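Colleague: Following this line is coords.csv, made up of CSV, N, CA and C atoms:
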```
chain,number,residue,atom,x,y,z
A,1,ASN,N,35.4,12.0,54.5
A,1,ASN,CA,34.0,11.6,54.8
A,1,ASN,C,33.0,12.7,54.4
A,2,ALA,N,33.4,14.0,54.5
A,2,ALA,CA,32.5,15.0,54.0
A,2,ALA,C,32.3,14.9,52.5
A,3,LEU,N,33.3,14.6,51.7
A,3,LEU,CA,33.2,14.5,50.3
A,3,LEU,C,32.3,13.3,50.0
A,4,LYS,N,32.5,12.2,50.7
A,4,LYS,CA,31.7,11.0,50.5
A,4,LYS,C,30.2,11.2,50.8
A,5,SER,N,29.9,12.0,51.8
A,5,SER,CA,28.5,12.3,52.2
A,5,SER,C,27.9,13.2,51.1
A,6,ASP,N,28.6,14.2,50.6
A,6,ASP,CA,28.0,15.0,49.5
A,6,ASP,C,27.8,14.1,48.3
A,7,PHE,N,28.7,13.2,48.0
A,7,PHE,CA,28.5,12.3,46.8
A,7,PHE,C,27.3,11.5,46.9
A,8,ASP,N,27.0,10.9,48.1
A,8,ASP,CA,25.8,10.0,48.3
A,8,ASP,C,24.6,10.9,48.2
A,9,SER,N,24.6,12.1,48.7
A,9,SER,CA,23.4,12.9,48.6
A,9,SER,C,23.0,13.3,47.1
A,10,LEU,N,24.1,13.6,46.4
A,10,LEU,CA,23.9,13.9,44.9
A,10,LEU,C,23.4,12.7,44.2
A,11,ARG,N,23.8,11.5,44.6
A,11,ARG,CA,23.4,10.3,44.0
A,11,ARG,C,21.9,10.0,44.2
A,12,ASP,N,21.4,10.3,45.4
A,12,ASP,CA,20.0,10.2,45.7
A,12,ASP,C,19.1,11.3,44.9
A,13,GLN,N,19.7,12.5,44.7
A,13,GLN,CA,19.0,13.4,43.9
A,13,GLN,C,18.8,13.0,42.5
A,14,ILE,N,19.7,12.2,42.0
A,14,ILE,CA,19.6,11.7,40.6
A,14,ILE,C,18.3,10.9,40.5
A,15,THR,N,18.1,10.0,41.5
A,15,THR,CA,16.9,9.1,41.5
A,15,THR,C,15.6,10.0,41.6
A,16,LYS,N,15.6,11.0,42.4
A,16,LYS,CA,14.5,11.9,42.4
A,16,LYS,C,14.2,12.5,41.1
A,17,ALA,N,15.2,13.1,40.4
A,17,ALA,CA,15.0,13.8,39.1
A,17,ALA,C,14.5,12.8,38.1
A,18,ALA,N,15.1,11.6,38.0
A,18,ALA,CA,14.7,10.7,37.0
A,18,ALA,C,13.3,10.2,37.2
A,19,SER,N,12.9,10.0,38.5
A,19,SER,CA,11.5,9.5,38.7
A,19,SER,C,10.5,10.5,38.4
A,20,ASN,N,10.8,11.8,38.5
A,20,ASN,CA,9.8,12.8,38.3
A,20,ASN,C,9.6,13.2,36.8
A,21,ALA,N,10.4,12.6,35.9
A,21,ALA,CA,10.3,13.0,34.5
A,21,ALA,C,9.2,12.4,33.7
A,22,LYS,N,8.0,12.9,34.0
A,22,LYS,CA,6.7,12.4,33.5
A,22,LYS,C,5.8,13.5,32.9
A,23,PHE,N,5.1,13.2,31.9
A,23,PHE,CA,4.2,14.1,31.3
A,23,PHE,C,2.8,13.4,31.2
A,24,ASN,N,1.9,13.8,32.1
A,24,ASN,CA,0.6,13.2,32.2
A,24,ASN,C,0.7,11.7,32.3
A,25,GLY,N,1.5,11.2,33.2
A,25,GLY,CA,1.6,9.8,33.5
A,25,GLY,C,2.5,8.9,32.6
A,26,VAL,N,3.1,9.5,31.6
A,26,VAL,CA,4.0,8.7,30.7
A,26,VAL,C,5.3,9.4,30.7
A,27,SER,N,6.3,8.5,30.5
A,27,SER,CA,7.7,9.0,30.5
A,27,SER,C,8.5,8.2,29.5
A,28,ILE,N,9.5,8.9,28.9
A,28,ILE,CA,10.5,8.3,28.0
A,28,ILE,C,11.8,8.2,28.6
A,29,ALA,N,12.0,8.5,29.9
A,29,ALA,CA,13.3,8.5,30.5
A,29,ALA,C,13.3,7.9,31.9
A,30,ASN,N,12.2,7.5,32.5
A,30,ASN,CA,12.2,6.9,33.9
A,30,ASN,C,12.4,5.4,33.9
A,31,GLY,N,12.5,4.8,32.7
A,31,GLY,CA,12.8,3.4,32.6
A,31,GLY,C,11.5,2.5,32.6
A,32,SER,N,10.3,3.1,32.7
A,32,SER,CA,9.1,2.3,32.8
A,32,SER,C,8.7,1.6,31.5
A,33,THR,N,9.2,2.0,30.4
A,33,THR,CA,8.8,1.4,29.1
A,33,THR,C,10.0,1.4,28.2
A,34,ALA,N,10.0,0.5,27.2
A,34,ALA,CA,11.1,0.5,26.3
A,34,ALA,C,11.0,1.4,25.1
A,35,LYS,N,9.8,1.8,24.7
A,35,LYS,CA,9.6,2.7,23.6
A,35,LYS,C,8.2,3.3,23.7
A,36,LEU,N,8.1,4.5,23.1
A,36,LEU,CA,6.8,5.1,22.9
A,36,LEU,C,6.5,5.2,21.4
A,37,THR,N,5.3,5.1,21.0
A,37,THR,CA,4.9,5.1,19.6
A,37,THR,C,3.9,6.1,19.3
A,38,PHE,N,4.2,7.1,18.5
A,38,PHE,CA,3.3,8.2,18.2
A,38,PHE,C,2.8,8.1,16.8
A,39,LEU,N,1.6,8.6,16.5
A,39,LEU,CA,0.9,8.4,15.3
A,39,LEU,C,1.7,9.1,14.1
A,40,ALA,N,1.9,8.4,13.0
A,40,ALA,CA,2.5,9.0,11.9
A,40,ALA,C,1.6,9.3,10.7
A,41,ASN,N,0.5,8.6,10.6
A,41,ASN,CA,-0.4,8.8,9.5
A,41,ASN,C,-1.8,8.3,9.9
A,42,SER,N,-2.8,8.6,9.0
A,42,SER,CA,-4.2,8.3,9.3
A,42,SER,C,-4.5,6.8,9.4
A,43,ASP,N,-3.6,5.9,8.8
A,43,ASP,CA,-3.8,4.5,9.0
A,43,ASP,C,-3.4,4.0,10.3
A,44,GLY,N,-2.8,4.8,11.2
A,44,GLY,CA,-2.3,4.3,12.4
A,44,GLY,C,-0.9,3.9,12.5
A,45,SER,N,-0.1,4.0,11.4
A,45,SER,CA,1.3,3.7,11.4
A,45,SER,C,2.0,4.6,12.4
A,46,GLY,N,3.1,4.0,13.0
A,46,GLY,CA,3.7,4.6,14.2
A,46,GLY,C,4.9,5.4,13.8
A,47,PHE,N,5.3,6.3,14.7
A,47,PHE,CA,6.6,7.0,14.8
A,47,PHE,C,7.2,6.7,16.1
A,48,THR,N,8.0,5.6,16.1
A,48,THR,CA,8.6,5.1,17.3
A,48,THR,C,9.7,6.1,17.9
A,49,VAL,N,9.7,6.2,19.2
A,49,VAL,CA,10.8,6.9,19.9
A,49,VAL,C,11.4,5.9,20.9
A,50,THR,N,12.6,5.5,20.8
A,50,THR,CA,13.2,4.6,21.7
A,50,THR,C,13.4,5.3,23.0
A,51,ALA,N,13.1,4.6,24.1
A,51,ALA,CA,13.3,5.1,25.5
A,51,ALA,C,14.8,5.2,25.8
A,52,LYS,N,15.2,6.2,26.5
A,52,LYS,CA,16.5,6.5,27.0
A,52,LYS,C,16.5,6.6,28.5
A,53,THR,N,16.8,5.5,29.2
A,53,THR,CA,16.6,5.5,30.7
A,53,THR,C,17.7,6.4,31.3
A,54,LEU,N,17.2,7.2,32.2
A,54,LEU,CA,18.1,8.2,32.9
A,54,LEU,C,18.2,7.9,34.4
B,1,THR,N,-27.8,0.3,8.9
B,1,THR,CA,-27.7,0.0,10.3
B,1,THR,C,-26.3,-0.5,10.7
B,2,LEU,N,-26.0,-0.7,12.0
B,2,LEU,CA,-24.7,-1.2,12.4
B,2,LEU,C,-24.4,-2.5,11.8
B,3,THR,N,-25.3,-3.4,11.7
B,3,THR,CA,-25.0,-4.7,11.1
B,3,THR,C,-24.8,-4.6,9.6
B,4,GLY,N,-25.5,-3.7,9.0
B,4,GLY,CA,-25.3,-3.5,7.5
B,4,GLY,C,-24.0,-2.8,7.2
B,5,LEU,N,-23.4,-2.1,8.1
B,5,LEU,CA,-22.1,-1.5,8.0
B,5,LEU,C,-21.0,-2.5,8.4
B,6,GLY,N,-21.3,-3.7,8.8
B,6,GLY,CA,-20.2,-4.6,9.3
B,6,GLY,C,-19.8,-4.4,10.7
B,7,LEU,N,-20.6,-3.7,11.5
B,7,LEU,CA,-20.4,-3.6,13.0
B,7,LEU,C,-21.5,-4.2,13.8
B,8,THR,N,-21.4,-4.1,15.1
B,8,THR,CA,-22.3,-4.7,16.0
B,8,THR,C,-22.7,-3.6,17.1
B,9,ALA,N,-23.8,-3.9,17.8
B,9,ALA,CA,-24.2,-3.0,18.9
B,9,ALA,C,-23.2,-3.0,20.0
B,10,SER,N,-22.3,-3.9,20.1
B,10,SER,CA,-21.3,-4.0,21.1
B,10,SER,C,-19.9,-3.6,20.7
B,11,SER,N,-19.7,-3.1,19.4
B,11,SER,CA,-18.4,-2.8,18.9
B,11,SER,C,-17.7,-1.8,19.8
B,12,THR,N,-16.5,-2.0,20.1
B,12,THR,CA,-15.7,-1.1,21.0
B,12,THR,C,-14.3,-1.6,21.0
B,13,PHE,N,-13.4,-0.9,21.7
B,13,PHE,CA,-12.0,-1.3,22.0
B,13,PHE,C,-11.7,-1.1,23.4
B,14,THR,N,-11.0,-2.1,24.0
B,14,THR,CA,-10.6,-2.0,25.4
B,14,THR,C,-9.1,-1.8,25.6
B,15,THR,N,-8.3,-1.9,24.5
B,15,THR,CA,-6.8,-1.7,24.6
B,15,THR,C,-6.4,-0.9,23.4
B,16,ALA,N,-5.1,-0.4,23.5
B,16,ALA,CA,-4.6,0.3,22.4
B,16,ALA,C,-4.4,-0.5,21.1
B,17,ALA,N,-4.1,-1.8,21.3
B,17,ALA,CA,-4.1,-2.7,20.1
B,17,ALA,C,-5.4,-2.9,19.5
B,18,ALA,N,-6.5,-3.0,20.3
B,18,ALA,CA,-7.8,-3.2,19.8
B,18,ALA,C,-8.3,-1.9,19.1
B,19,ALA,N,-7.8,-0.7,19.5
B,19,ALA,CA,-8.1,0.5,18.9
B,19,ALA,C,-7.4,0.6,17.5
B,20,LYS,N,-6.2,0.1,17.5
B,20,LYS,CA,-5.4,0.1,16.2
B,20,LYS,C,-6.1,-0.8,15.2
B,21,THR,N,-6.7,-1.9,15.6
B,21,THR,CA,-7.5,-2.7,14.7
B,21,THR,C,-8.8,-2.0,14.3
B,22,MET,N,-9.5,-1.3,15.3
B,22,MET,CA,-10.7,-0.7,15.0
B,22,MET,C,-10.5,0.4,14.0
B,23,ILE,N,-9.3,1.0,13.9
B,23,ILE,CA,-9.1,2.0,12.8
B,23,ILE,C,-9.5,1.4,11.4
B,24,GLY,N,-9.0,0.2,11.1
B,24,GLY,CA,-9.3,-0.4,9.8
B,24,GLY,C,-10.7,-0.9,9.8
B,25,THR,N,-11.3,-1.3,10.9
B,25,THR,CA,-12.7,-1.7,10.9
B,25,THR,C,-13.6,-0.5,10.5
B,26,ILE,N,-13.4,0.7,11.1
B,26,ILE,CA,-14.2,1.8,10.8
B,26,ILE,C,-13.9,2.3,9.4
B,27,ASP,N,-12.7,2.2,8.9
B,27,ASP,CA,-12.4,2.5,7.5
B,27,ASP,C,-13.2,1.7,6.6
B,28,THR,N,-13.3,0.4,6.8
B,28,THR,CA,-14.2,-0.4,6.0
B,28,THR,C,-15.7,0.0,6.1
B,29,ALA,N,-16.1,0.3,7.3
B,29,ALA,CA,-17.5,0.7,7.5
B,29,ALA,C,-17.8,2.0,6.7
B,30,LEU,N,-16.9,3.0,6.7
B,30,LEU,CA,-17.2,4.2,6.0
B,30,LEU,C,-17.1,4.0,4.5
B,31,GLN,N,-16.2,3.1,4.0
B,31,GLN,CA,-16.1,2.9,2.6
B,31,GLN,C,-17.4,2.2,2.1
B,32,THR,N,-17.9,1.2,2.9
B,32,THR,CA,-19.1,0.5,2.4
B,32,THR,C,-20.3,1.4,2.5
B,33,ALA,N,-20.4,2.3,3.5
B,33,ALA,CA,-21.5,3.2,3.6
B,33,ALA,C,-21.5,4.2,2.4
B,34,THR,N,-20.3,4.8,2.0
B,34,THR,CA,-20.3,5.7,0.9
B,34,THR,C,-20.7,4.9,-0.4
B,35,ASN,N,-20.3,3.7,-0.6
B,35,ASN,CA,-20.7,2.9,-1.8
B,35,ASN,C,-22.2,2.7,-1.8
B,36,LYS,N,-22.8,2.4,-0.6
B,36,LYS,CA,-24.3,2.2,-0.6
B,36,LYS,C,-25.0,3.5,-0.9
B,37,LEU,N,-24.6,4.6,-0.4
B,37,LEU,CA,-25.2,5.9,-0.7
B,37,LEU,C,-25.0,6.3,-2.1
B,38,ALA,N,-23.9,6.0,-2.7
B,38,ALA,CA,-23.7,6.2,-4.1
B,38,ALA,C,-24.6,5.4,-5.0
B,39,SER,N,-24.9,4.2,-4.6
B,39,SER,CA,-25.9,3.4,-5.4
B,39,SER,C,-27.3,4.0,-5.2
B,40,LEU,N,-27.6,4.4,-4.0
B,40,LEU,CA,-29.0,5.0,-3.9
B,40,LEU,C,-29.1,6.3,-4.7
B,41,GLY,N,-28.0,7.1,-4.8
B,41,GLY,CA,-28.1,8.3,-5.6
B,41,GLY,C,-28.2,8.0,-7.1
B,42,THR,N,-27.5,7.0,-7.6
B,42,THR,CA,-27.7,6.6,-8.9
B,42,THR,C,-29.1,6.0,-9.2
B,43,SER,N,-29.7,5.3,-8.2
B,43,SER,CA,-31.1,4.9,-8.4
B,43,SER,C,-32.1,6.0,-8.4
B,44,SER,N,-31.8,7.1,-7.6
B,44,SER,CA,-32.7,8.2,-7.6
B,44,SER,C,-32.7,8.9,-9.0
B,45,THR,N,-31.5,9.1,-9.5
B,45,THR,CA,-31.3,9.7,-10.8
B,45,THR,C,-32.0,8.9,-11.9
B,46,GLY,N,-31.9,7.5,-11.8
B,46,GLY,CA,-32.6,6.7,-12.8
B,46,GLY,C,-34.1,6.8,-12.7
B,47,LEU,N,-34.7,6.9,-11.5
B,47,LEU,CA,-36.1,7.1,-11.3
B,47,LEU,C,-36.5,8.5,-11.9
B,48,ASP,N,-35.7,9.5,-11.8
B,48,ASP,CA,-36.1,10.8,-12.3
B,48,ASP,C,-36.0,10.8,-13.9
B,49,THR,N,-35.0,10.1,-14.5
B,49,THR,CA,-35.0,10.0,-15.9
B,49,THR,C,-36.2,9.2,-16.4
B,50,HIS,N,-36.6,8.1,-15.7
B,50,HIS,CA,-37.7,7.4,-16.2
B,50,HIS,C,-39.0,8.2,-16.0
B,51,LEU,N,-39.1,9.0,-15.0
B,51,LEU,CA,-40.3,9.9,-14.9
B,51,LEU,C,-40.4,10.9,-16.0
B,52,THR,N,-39.3,11.4,-16.5
B,52,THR,CA,-39.4,12.3,-17.7
B,52,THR,C,-39.8,11.5,-18.9
B,53,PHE,N,-39.3,10.3,-19.1
B,53,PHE,CA,-39.8,9.5,-20.2
B,53,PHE,C,-41.3,9.1,-20.1
B,54,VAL,N,-41.8,8.8,-18.9
B,54,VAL,CA,-43.2,8.5,-18.8
B,54,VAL,C,-44.1,9.7,-19.1
B,55,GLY,N,-43.6,10.9,-18.8
B,55,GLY,CA,-44.4,12.0,-19.1
B,55,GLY,C,-44.5,12.2,-20.6
```
Can you dump the structure from the file as structure tokens?
Modeller:
Amino acid sequence: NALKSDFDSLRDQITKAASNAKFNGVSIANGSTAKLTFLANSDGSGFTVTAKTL
Amino acid sequence: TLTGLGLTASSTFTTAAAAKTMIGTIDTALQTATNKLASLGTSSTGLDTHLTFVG
């Protein structure tokens, strides 16, 4: 039972860590979006980064 | 003026997609403005050449 209680507490800390992974309101790892697109040239063509949910 | 450049007094963007379109809109506006000023400069040089001839 002690090992099971430690396991569950570490599992909740994972949710805390993943939910706080934001930079000025945007995240590539908290699951809130499927991709982010950054500017690649002056015409506005994108540099996509696929989201990796954690 | 804004209407001569292909824009309006209300031109704006409300979303990231509208801003992505506005990029090309402003590109066209700057291109047409530089063509207009190039024609005015050629007209000014033509007036100066004609003034020399009239003298």
Colleague: Write out as JSON, numbers by chain the residues lying within 6.5 Å of residue 48 (chain A), counting all atoms listed in the file and excluding same-chain residues fewer than 5 positions away.
Modeller: {"A": [36, 37, 38]}
Colleague: Tell me which of B:16, B:38, B:54, B:7 sits closest to chain A, counting only C-alpha atoms.
Modeller: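 So, comparing all the options, the nearest one is B:16.
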Colleague: Tell me, counting only N, CA and C atoms, for each residue of chain B within 8 Å of chain A, which pair of atoms is nearest and how far apart they are in Å to one decimal, in rows ordered by chain and increasing number, as a tab-separated table.
Modeller:
```
residue	atom	partner	partner_atom	distance
B:20	CA	A:44	CA	6.5
B:23	CA	A:43	C	6.5
B:24	N	A:43	C	6.8
```
Colleague: Go ahead and save the residues from that selection, with N, CA and C atoms, as a compact mmCIF listing (two decimals), keeping the file's coordinate frame.
Modeller:
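Okay, this is what ended up in again-v2.txt:
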```txt
# COMPACT_ATOMS: atom_id res chain seq x y z
N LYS B 20 -6.20 0.10 17.50
CA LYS B 20 -5.40 0.10 16.20
C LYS B 20 -6.10 -0.80 15.20
N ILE B 23 -9.30 1.00 13.90
CA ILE B 23 -9.10 2.00 12.80
C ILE B 23 -9.50 1.40 11.40
N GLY B 24 -9.00 0.20 11.10
CA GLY B 24 -9.30 -0.40 9.80
C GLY B 24 -10.70 -0.90 9.80
```
Colleague: Could you give me, as a list in words, each residue of chain A that DSSP assigns to strand (DSSP E or B) when run on this structure's backbone?
Modeller: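 Listing strand (DSSP E or B) positions across chain A yields residues 23, 26, 35, 36, 37, 38, 39, 46, 47, 48, 49 and 50 of chain A.
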Colleague: Tell me, which residues of chain B carry DSSP helix (DSSP H, G or I), written as a ChimeraX atom specification?
Modeller: /B:16-54
Colleague: To one decimal place in Å, what is the distance between atom C of residue 26 (chain B) and atom N of residue 11 (chain B)?
Modeller: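 That distance, rounded to one decimal, is 12.8 Å.
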Colleague: Between CA of residue 33 (chain B) and CA of residue 5 (chain B), what distance in Å does the model show, to one decimal?
Modeller: 6.5 Å
Colleague: Identify, on the basis of only N, CA and C atoms, every residue whose closest approach to residue 22 (chain B) does not exceed 8 Å; exclude the query and any residue fewer than 5 positions from it along the same chain; express the result as an MDAnalysis selection string.
Modeller: chainID B and resid 12:13 16:17 27:28
Colleague: Once you have the residues from the selection above, write them out as a tab-separated table (two decimals), in the frame of the given file, restricted to N, CA and C atoms.
Modeller:
```
chain	number	residue	atom	x	y	z
B	12	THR	N	-16.50	-2.00	20.10
B	12	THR	CA	-15.70	-1.10	21.00
B	12	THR	C	-14.30	-1.60	21.00
B	13	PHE	N	-13.40	-0.90	21.70
B	13	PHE	CA	-12.00	-1.30	22.00
B	13	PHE	C	-11.70	-1.10	23.40
B	16	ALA	N	-5.10	-0.40	23.50
B	16	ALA	CA	-4.60	0.30	22.40
B	16	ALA	C	-4.40	-0.50	21.10
B	17	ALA	N	-4.10	-1.80	21.30
B	17	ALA	CA	-4.10	-2.70	20.10
B	17	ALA	C	-5.40	-2.90	19.50
B	27	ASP	N	-12.70	2.20	8.90
B	27	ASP	CA	-12.40	2.50	7.50
B	27	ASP	C	-13.20	1.70	6.60
B	28	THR	N	-13.30	0.40	6.80
B	28	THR	CA	-14.20	-0.40	6.00
B	28	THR	C	-15.70	0.00	6.10
```
